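One structure below.
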Amino acid sequence: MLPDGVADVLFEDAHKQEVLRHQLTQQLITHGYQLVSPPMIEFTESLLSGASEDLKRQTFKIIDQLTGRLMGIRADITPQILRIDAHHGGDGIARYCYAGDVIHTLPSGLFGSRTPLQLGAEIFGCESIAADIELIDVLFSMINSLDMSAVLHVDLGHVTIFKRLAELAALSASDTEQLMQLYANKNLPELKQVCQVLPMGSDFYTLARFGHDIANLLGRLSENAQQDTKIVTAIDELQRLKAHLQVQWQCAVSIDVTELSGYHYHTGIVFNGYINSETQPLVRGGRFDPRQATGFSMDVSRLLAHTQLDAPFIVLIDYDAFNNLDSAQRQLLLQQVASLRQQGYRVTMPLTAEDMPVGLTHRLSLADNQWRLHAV
Amino acid sequence: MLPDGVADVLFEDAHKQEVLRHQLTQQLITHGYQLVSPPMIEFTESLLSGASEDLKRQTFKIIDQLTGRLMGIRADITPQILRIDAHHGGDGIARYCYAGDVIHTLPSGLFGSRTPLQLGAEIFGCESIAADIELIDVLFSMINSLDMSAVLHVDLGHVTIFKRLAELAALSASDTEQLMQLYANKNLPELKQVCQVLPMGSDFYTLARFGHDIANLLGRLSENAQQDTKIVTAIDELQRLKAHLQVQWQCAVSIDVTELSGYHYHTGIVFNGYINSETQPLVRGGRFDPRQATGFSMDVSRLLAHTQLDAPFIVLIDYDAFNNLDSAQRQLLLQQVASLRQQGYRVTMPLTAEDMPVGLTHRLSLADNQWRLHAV
Amino acid sequence: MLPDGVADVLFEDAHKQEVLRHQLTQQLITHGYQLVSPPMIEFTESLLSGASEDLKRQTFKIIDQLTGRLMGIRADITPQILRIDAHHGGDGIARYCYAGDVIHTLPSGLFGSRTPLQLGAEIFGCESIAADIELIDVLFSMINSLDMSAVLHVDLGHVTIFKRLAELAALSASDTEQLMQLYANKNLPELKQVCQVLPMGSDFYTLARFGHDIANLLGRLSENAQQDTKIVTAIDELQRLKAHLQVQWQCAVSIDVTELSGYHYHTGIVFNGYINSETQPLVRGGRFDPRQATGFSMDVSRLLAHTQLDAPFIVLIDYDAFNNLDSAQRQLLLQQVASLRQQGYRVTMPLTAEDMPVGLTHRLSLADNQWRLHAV
Amino acid sequence: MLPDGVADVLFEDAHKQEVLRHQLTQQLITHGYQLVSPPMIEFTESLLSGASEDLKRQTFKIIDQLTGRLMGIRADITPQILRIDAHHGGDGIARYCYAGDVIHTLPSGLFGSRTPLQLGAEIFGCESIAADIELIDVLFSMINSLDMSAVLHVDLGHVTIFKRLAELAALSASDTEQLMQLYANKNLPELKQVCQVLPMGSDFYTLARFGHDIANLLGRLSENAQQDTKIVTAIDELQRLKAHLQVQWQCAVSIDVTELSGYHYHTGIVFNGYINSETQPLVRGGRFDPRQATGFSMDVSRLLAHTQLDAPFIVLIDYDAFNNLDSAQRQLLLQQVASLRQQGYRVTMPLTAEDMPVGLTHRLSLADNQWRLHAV
Amino acid sequence: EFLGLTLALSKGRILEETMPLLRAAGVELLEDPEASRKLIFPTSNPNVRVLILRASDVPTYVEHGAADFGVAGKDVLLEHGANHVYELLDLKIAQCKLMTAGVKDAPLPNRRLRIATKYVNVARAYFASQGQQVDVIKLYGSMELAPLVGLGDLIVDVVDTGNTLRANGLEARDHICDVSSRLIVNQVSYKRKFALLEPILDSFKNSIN
Amino acid sequence: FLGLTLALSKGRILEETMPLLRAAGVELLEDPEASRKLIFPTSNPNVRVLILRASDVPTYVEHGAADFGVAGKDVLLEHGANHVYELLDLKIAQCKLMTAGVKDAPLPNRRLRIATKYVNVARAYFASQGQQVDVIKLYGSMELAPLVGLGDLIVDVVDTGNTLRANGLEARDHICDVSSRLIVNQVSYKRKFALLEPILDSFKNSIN
Ligand SMILES: Nc1ncnc2c1ncn2[C@@H]1O[C@H](COP(=O)(O)OP(=O)(O)OP(=O)(O)O)[C@@H](O)[C@H]1O
Ligand SMILES: Nc1ncnc2c1ncn2[C@@H]1O[C@H](COP(=O)(O)OP(=O)(O)OP(=O)(O)O)[C@@H](O)[C@H]1O
Ligand SMILES: O=P(O)(O)OC[C@H]1O[C@H](OP(=O)(O)OP(=O)(O)O)[C@H](O)[C@@H]1O
Ligand SMILES: O=P(O)(O)OC[C@H]1O[C@H](OP(=O)(O)OP(=O)(O)O)[C@H](O)[C@@H]1O
Ligand SMILES: [Mg+2]
Ligand SMILES: [Mg+2]
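Below, the structure written as structure tokens:
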């Protein structure tokens with residue numbers, strides 16, 4: 001038996017996963033993204049550079065026998081893209097995509113998978129919100145090509161808004177941490193109390209109470225905040241992305257400027273795509289805030316449950332009928348089988364009379380000197 | 001920056017690898033092989049069950065936090081197929097294929113890779129040499145579909161010959177080990193010496209000195225060996241497979257009955273496919289074990316150097332022309348771009364006037380209200 | 001057999017080593033130094049904090065199974081004393097001593113030991129040169145108690161002199177490195193050339209050419225250097241230590257202000273004790289340059316060759332004579348043996364008539380109803 | 001800060017540990033045991049030769065850079081004594097003692113130490129039970145010299161009894177393993193069940209149920225066992241050692257013939273010394289192997316909690332009084348301080364007026380041109 | 020790629036003593052390698068070509084398939100430890116012997132012995148197979164000088180006549196093993212190019228016997 | 021022996037130093053090539069010469085088996101010997117460490133395989149270009165390695181280029197210039213300075 005949260009992907013799921021991975025990778029490549037396939041193992045130096053404590057906990061460690069240095073089995077591919085871009089990207093714009101297995105020490109959600117298949121895309125070297133709009137378009141054409149019944153809802157945030165208020169208010173680390181934890185618990189009454197005794201305290205309350213209404217957020221803030229150039233751009237970026245998502249993709253977008261995980265890890269815009277009612281986001285993406304970078308990734312394995320393929324045609328050649336054939340009639344049959352295989356039929360040349368494929372749907376039988384498919 | 005024997009597969013190589021892996025996997029699936037995608041990590045119990053000391057050395061170890069048990073990062077996928085077949089295979093014939101990354105502690109050969117992409121196929125539950133002939137045919141149609149200029153040379157062996165001689169000669173573990181190490185070095189002079197003081201010693205010398213000549217091998221052996229039923233069948237199986245390979249696939253086959261790595265795991269016939277003059281075989285396969304089993308695997312990454320794709324058509328939309336369009340004319344362009352992408356053109360919507368893809372072949376330009384491709 | 005540079009310390013050497021370690025540890029303890037016995041293994045974080053690349057190369061690495069973190073087998077105990085002082089030392093003065101095995105990956109000198117026994121003493125929390133004078137006194141009373149024929153010669157340096165000149169001259173990292181490497185190769189002609197084109201270049205030449213004459217060094221330097229408070233103190237500290245060493249301990253001291261290993265690792269005063277003509281210093285010590304710290308360490312194993320003990324008295328009781336005794340006469344003998352053992356004689360009660368200690372010097376024999384020692 | 005099961009031994013504990021280690025080592029040396037100090041690292045070949053899977057798990061592994069061979073950091077010194085005896089011991093009787101740090105990957109017990117200080121003694125080349133009686137006497141005179149309030153209880157076992165029954169019953173490896181695990185859990189009900197379906201099964205039950213009563217054990221066994229010469233001698237040896245322990249040392253001894261950890265390494269008699277009620281034995285020893304060998308070892312670090320020293324006399328010289336002295340009066344004081352230190356007083360020459368040793372008991376003060384100790 | 024065989028030889032002794040065997044096999048060199056800076060040469064047989072290497076490189080070239088076969092001393096093969104080549108023939112040429120050697124009439128120091136040697140693996144393996152515990156320093160040549168200037172007690176080196184030992188104030192002590200040049204073949208080349216090899220190997224087989 | 025022990029290598033280094041040794045009053049008594057002896061007297065009764073392989077010279081000088089010696093900077097770089105004093109650039113045996121591939125061949129678009137004697141130099145060089153490589157250790161005849169597939173580039177000394185060109189190769193990058201240095205044992209520089217200083221100043225003159 002296998003460990004908990006460690007599973008085989010078998011049979012049609014394995015097929016489905018291979019098809020998703022391949023189609024989704026081709027779509028990215030056709031949108032101008034350079035495919036990269038970095039290795040499962042690296043030195044921890046580059047692998048966990050700027051990692052959250054959550055990430056380094058999920059990363060397994062192993063010793064390089066050649067150098068006695070600490071390597072790790074990747075829990076996230078994104079750092080490897082940074083490394084790759086630093087050596088091959090140049091100063092201009094660079095687009096990358098990837099799909100690969102990553103390994104986690106603990107399952108990330110209840111009955112989760114320790115071995116998810118991470119697939120993502122990243123744009124480097126572009127300041128503009130245009131880069132973010134492009135990635136949204138690629139993501140959504142990918143998602144729509146899957147013809148799912150399940151629906152993706154997008155939460156947008158932007159850590160720059162709160163971060164700018166906190167520097168303008170001149171808050172301590174103590175204050176910043178208490179606010180973030182009040183925000184994370186939606187504790188509106190205790191936020192009200194704390195905000196009475198804090199510089200620009202009404203702005204911090206306004207984010208929690210009125211941050212969802214991004215159209216009017218700027219008008220609700222203090223004159224001090226309203227004059228700050230970075231707050232104004234951040235609110236504008238959210239409006240543009242929300243608008244684009246709603247118009248172009250008919251996507252229901254919510255805004256939460258109090259979403260502040262990644263406050264410490266250099267995020268600007270944050271993006272979380274949620275499938276139906278599942279707590280774990282299916283898609284996570286955002287800006288880095301000196302080389303520009305923005306991108307996303309998703310768990311391809313989690314798409315399996317919400318995507319469906321046409322049932323396969325599994326064909327068995329009749330053993331006895333085949334072994335009665337002369338050499339010429341076998342060459343004609345193999346030509347016909349080769350034709351079936353090129354159309355994606357799964358055809359078995361039986362080794363014995365008992366040789367029986369799993370999930371047999373058709374038999375290739377002989378009647379009136381004609382080989383024909385007949386369903387079982 | 002990366003460890004020794006650990007490399008990124010980047011850009012066109014990454015594309016090429018994705019295409020090879022996918023085509024090769026589809027060919028297997030269409031030949032009636034069930035795709036399986038087992039996890040990177042398992043408990044060592046099932047992962048290294050019946051492992052050679054070579055395999056367990058190449059396998060990294062890690063602790064399952066949930067059970068405090070030893071897991072490993074797979075160095076070989078083949079044991080996982082055994083496990084899967086034991087639970088899903090039944091008593092009849094079963095066919096499996098797989099493709100996945102495996103991790104090795106040390107590089108296997110000169111300039112070797114610690115992170116190869118292992119791809120393979122296996123047939124369970126068939127005694128007949130017909131199963132081996134089938135796998136040879138699948139492998140060779142796969143190889144021929146790659147349209148390589150490099151050539152595959154096949155070495156056949158059969159551990160049953162030596163194994164039978166060793167039990168008939170009643171050799172100790174000491175003797176068996178010394179012979180195997182002399183055989184691995186083809187140390188013919190020292191083998192001659194050792195064989196003068198061993199039971200049926202001239203047979204053990206004959207294997208090394210005359211094992212290449214499979215036609216005459218039986219006639220060169222002692223009467224004791226010549227009467228042994230298992231030796232006679234093993235030599236016959238080699239002759240049949242060599243013949244099949246030469247007739248059907250026009251393949252130059254060599255024989256080495258002293259090839260005995262996998263002495264403990266290979267029940268019978270062994271197969272090593274060599275690309276050009278490279279020391280490490282590109283393909284390894286053979287018979288193993301009371302359930303019958305035979306199969307192969309290869310390093311997909313090593314095919315990269317000997318395969319080539321049609322150069323990609325890389326299209327850049329004109330930045331200025333696009334930004335002058337009204338909303339309706341953009342929807343018409345995106346429809347046309349979507350069409351190009353479905354035909355496998357790689358089209359970039361430029362973020363700025365300077366946005367220039369690597370390896371640009373065409374530009375999608377505007378003239379007389381018509382968007383057209385022109386080569387650069 | 002054992003690895004190269006890895007040896008047993010056997011028999012009288014083992015005894016001698018045990019005696020040195022114990023006497024030298026007692027002397028330190030009686031001089032007011034607190035004995036500490038830190039563990040062989042720690043996390044690399046604290047173990048190699050501020051380590052030279054040389055030190056981390058000599059340190060073996062291993063994984064903590066409980067945390068998947070990198071530990072190391074200590075190559076140097078000194079970092080562990082820092083750690084200990086940080087948690088137990090307080091803000092006042094603190095004195096520590098230690099003796100323990102350390103492990104190196106490579107032998108440090110030709111035919112060296114990978115497993116030396118490091119013994120040292122450190123004073124924390126004292127700015128004064130008085131702390132350095134105290135450590136010199138402890139070291140030298142320890143050395144003199146060993147009654148060696150070999151002689152210790154002391155080299156003093158002080159990296160503050162060059163470091164201060166380099167900041168006053170406003171040298172680049174390029175310049176500093178070229179000077180240090182010219183100094184390390186005693187390349188006086190090429191130093192002359194380089195110094196013509198460097199700010200305060202004649203001062204850098206003066207260090208090399210006249211640094212040995214510490215009495216006159218200040219008077220040979222530029223007015224810019226002569227006014228700098230830190231240069232003046234550094235030259236004064238060397239004069240005081242040189243004087244103390246010569247007067248109090250009749251020790252021949254050389255000065256080399258161009259000795260600049262430890263330029264990067266925060267040294268002020270540096271101390272190297274050399275035994276006879278051996279390249280590797282027997283004793284290394286110095287200042288740290301915000302908690303004050305100064306100390307030394309030595310390889311106790313290297314003292315073995317230059318120290319000698321009185322040959323041991325190894326006694327064997329006569330087997331037959333003992334077994335003829337009545338119970339009362341045995342109690343009287345054991346009382347006498349107990350007495351011999353309390354005087355440090357090594358006495359064996361033989362199990363059989365053949366029981367023969369290694370290196371037997373005396374026999375405890377019976378004659379005229381008197382047990383007496385007689386030499387063999 | 002330090003790993004789990006890894007601690008500093010600091011200050012008075014470090015002093016106490018140094019004193020114990022030294023006294024205990026001297027006692028052994030005076031009893032005719034040859035001190036050996038083997039290295040912390042060796043090749044795994046000799047280090048883990050004949051190791052239990054428990055031992056090899058506790059042993060860390062590292063690569064020799066000079067040979068690319070596997071070394072280990074010793075978890076047990078005992079194998080190194082075997083090696084040493086094989087090269088230096090000859091065919092006669094040989095006695096060895098040792099004290100040294102060993103490193104374990106996991107803590108051995110609750111609040112256990114990964115870095116214990118192992119101290120032991122071994123006799124080679126004597127068949128007689130007299131060798132075992134000698135080692136018991138040395139151990140117990142060592143233990144009694146420590147003047148502890150805590151009490152040592154001795155468990156005796158003998159693997160020959162079970163080993164002989166298992167060969168006479170012709171048990172499989174399956175049976176032997178199940179019995180040993182039932183014995184280790186003293187699962188008497190399930191042992192009863194298993195023993196009804198085993199050859200000589202009532203004997204195996206009797207060992208568990210009545211093995212404590214060594215006087216009557218032989219009379220409770222089958223006629224098959226009662227006639228076996230090796231079983232009879234083994235039971236007799238236990239009776240003799242139990243008697244010796246009770247008469248000579250007034251020691252309460254228990255017997256457990258089902259104690260079979262070290263089944264593979266212990267040839268015969270086993271010894272476990274327990275301090276008060278602690279699960280881990282403080283002392284482990286027994287017979288092993301064609302060269303005879305028996306010995307013990309203990310964790311010196313674990314004696315710390317149950318031993319106490321006379322409080323140290325800690326002296327501080329008066330700072331002001333000392334600095335008013337002329338050079339001649341300082342030489343007279345240092346002569347007097349040197350005298351105090353030779354008597355084991357711990358004397359501090361203060362660096363400043365505030366320099367205050369920890370645990371100050373006396374001050375060396377000046378009155379009427381006489382330096383005298385007065386208590387604080 | 021080259022369709023025929025690539026033979027790996029060392030310049031000097033190995034080149035000279037093999038010329039007889041190569042001649043009998045119909046593989047004589049067209050020009051003198053010493054009168055040239057080229058390291059790759061044609062032969063009378065258009066399928067065979069020769070590589071001129073240092074003796075220590077020969078197993079490496081043959082091992083990785085840069086040469087299909089070659090002639091290397093058993094001492095070099097022992098030190099190299101190459102389990103990845105087939106050692107087919109003892110050619111019985113360049114005969115000498117690996118052995119230990121110290122200073123003339125000097126006694127062994129009663130401590131751990133220092134061995135100066137090029138043959139590091141052989142030295143350790145040798146002394147370990149005896150009672151002996153040693154330390155080894157790696158050196159590359161002029162081994163006979165090492166004990167004279169204190170750099171080792173003994174050496175491990177090849178000796179034939181003993182003239183080099185005696186000329187540097189040394190004498191031989193122990194005999195480790197006999198040494199002669201072997202014909203080594205690349206494992207893949209033995210499989211793929213057997214038809215090209217078998218005639219040439221049998222000519223060598225004759226030339227010896 | 022209480023004088024100076026000079027360490028030299030047999031062909032090129034021995035020959036080109038003879039002029040400087042002559043001017044310093046340390047001429048050789050017999051021709052080392054006409055002998056199997058590896059230790060020789062000189063005209064000066066204080067100095068004697070050791071004949072070594074060029075790679076051994078730093079090792080002998082480092083550990084005090086020779087008081088001083090003449091070694092190529094390439095060997096000193098590869099050896100990495102921080103435990104000797106490098107006093108003089110003698111400006112003899114001048115050549116240059118550099119890379120070299122096959123004539124007109126393009127670089128394979130992957131990790132480069134470097135065949136070289138100078139393993140540490142190769143890695144350090146390519147790393148300073150921000151690039152990672154794979155290395156085979158070889159001992160000589162480096163110019164053959166790219167012809168038979170054993171590496172893409174080599175790292176080797178080249179003076180005229182005749183050996184590169186004769187084996188179908190051309191130089192690519194320049195790593196550093198190389199000439200023989202006079203190296204001295206650190207303890208010998210302290211203890212035997214009186215014996216050295218005249219001999220060093222004769223060399224110092226011979227160069228200038
Ligand atoms: N004196 C000798 N007589 C006979 N054979 C020898 C002698 N010395 C060495 N050999 C053998 O000949 C082989 C080649 O000799 P060659 O002269 O090329 O080697 P070397 O000079 O010892 O070392 P290298 O070639 O690495 O400089 C050696 O590997 C050894 O097996
Ligand atoms: N072609 C050359 N021209 C000038 N100097 C050279 C040349 N080749 C090498 N050198 C220098 O001469 C030194 C010694 O070279 P030498 O010919 O003695 O040995 P090598 O060919 O480098 O190798 P080996 O010591 O194995 O024979 C080298 O370290 C280098 O500094
Ligand atoms: O016992 P002998 O007959 O003297 O032979 C032994 C010597 O031969 C070899 O040298 P080689 O002939 O290759 O010359 P080299 O050492 O100058 O390269 C080897 O390096 C020995 O020094
Ligand atoms: O650039 P060039 O002037 O051709 O010289 C370069 C050659 O010189 C070096 O050694 P050496 O001269 O000793 O040649 P060897 O090592 O082959 O004897 C090296 O082996 C080069 O091949
Ligand atoms: Mg030679
Ligand atoms: Mg040369």
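Protein chains in written order, with the deposited numbering: chain B, 1 to 289, 301 to 387; chain A, 1 to 289, 301 to 387; chain B', 1 to 289, 301 to 387; chain A', 1 to 289, 301 to 387; chain C, 20 to 228; chain D, 21 to 228. A prime marks a further copy of an entry chain.
For every residue, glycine included, the Cβ atom is placed at its ideal position computed from N, Cα and C.
C-beta neighbour in chain B for residue i, strict 7 Å
i: residue 122 of chain A; result: no
i: residue 97 of chain A; result: no
For residue i, three-class secondary structure by DSSP
i: residue 259 of chain A'; result: coil
i: residue 61 of chain C; result: strand
i: residue 346 of chain A'; result: helix
i: residue 226 of chain B; result: helix
Segment limits, beta strand (DSSP E) that includes residue i
i: residue 27 of chain B'; result: Taken as a continuous stretch (DSSP letters only), residue 27 of chain B' belongs to no beta strand (DSSP E), being part of the alpha helix (DSSP H) at 12–30.
Boundaries of the alpha helix (DSSP H) in which residue i is found, first to last residue
i: residue 244 of chain A'; result: 229–249
Short CB-CB distance (under 7 Å) between residue i and chain A
i: residue 84 of chain C; result: yes
Practice task
Counting only runs of 3+ residues fully inside the stretch 105–190 of chain D, write out the beta strand (DSSP E) ranges in chain order.
Solution key: Taking only runs of at least 3 residues, the beta strand (DSSP E) segments lying wholly in the stretch 105–190 of chain D are 115–122, 132–136, 153–157 and 173–178.
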